[PDB]
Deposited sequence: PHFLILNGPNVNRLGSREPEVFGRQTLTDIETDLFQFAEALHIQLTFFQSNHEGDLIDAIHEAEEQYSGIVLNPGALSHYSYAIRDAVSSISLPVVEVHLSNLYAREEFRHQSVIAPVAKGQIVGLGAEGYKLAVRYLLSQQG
């Protein structure tokens, strides 16, 4: 199948701050996807509205979304409501272990309405969420 890999603000900057860049990760997932016969489309934006637009338009084109919303996780109730308004399965992903970082990162306002969440397992977390989605 075909899934959308949706990345939020600052995800593009992986690296100046794993050791991987966003581009490195996408190449590996493209490589990861061809091997298992599944299509992926990637999209990244720093704009909360661009992610909400893509979630609403996803419904007619993909069968699942893997979402890494960046720090929008912690406060965007508008992306939370976009996820609840669509019928596809969504999996929230974060590469670093949020629970070991600042306190404002320890709650996601998006996870309650998603299928679930993966935290702390690095870029592998995107492949694991792609595998979960295959099982739906």
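Numbered from the first deposited residue, the unresolved ranges run 18-22, 142-143.
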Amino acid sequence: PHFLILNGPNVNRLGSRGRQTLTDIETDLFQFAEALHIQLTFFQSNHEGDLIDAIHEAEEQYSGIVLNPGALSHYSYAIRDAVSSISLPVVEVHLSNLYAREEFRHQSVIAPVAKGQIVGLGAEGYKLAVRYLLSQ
From here on, numbers count along this sequence of modelled residues.
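Comparing the deposited coordinates for 105-113 and 24-32, the stretch with the larger average C-alpha B-factor is 24-32. Comparing 48-56 with 34-42, the higher mean C-alpha B-factor in the PDB entry belongs to 34-42. Sort the modelled residues of the chain by CA B factor and residue 122 lands in the middle third. The PDB entry assigns residue 85 a C-alpha temperature factor belonging to the middle third of its chain's modelled residues.
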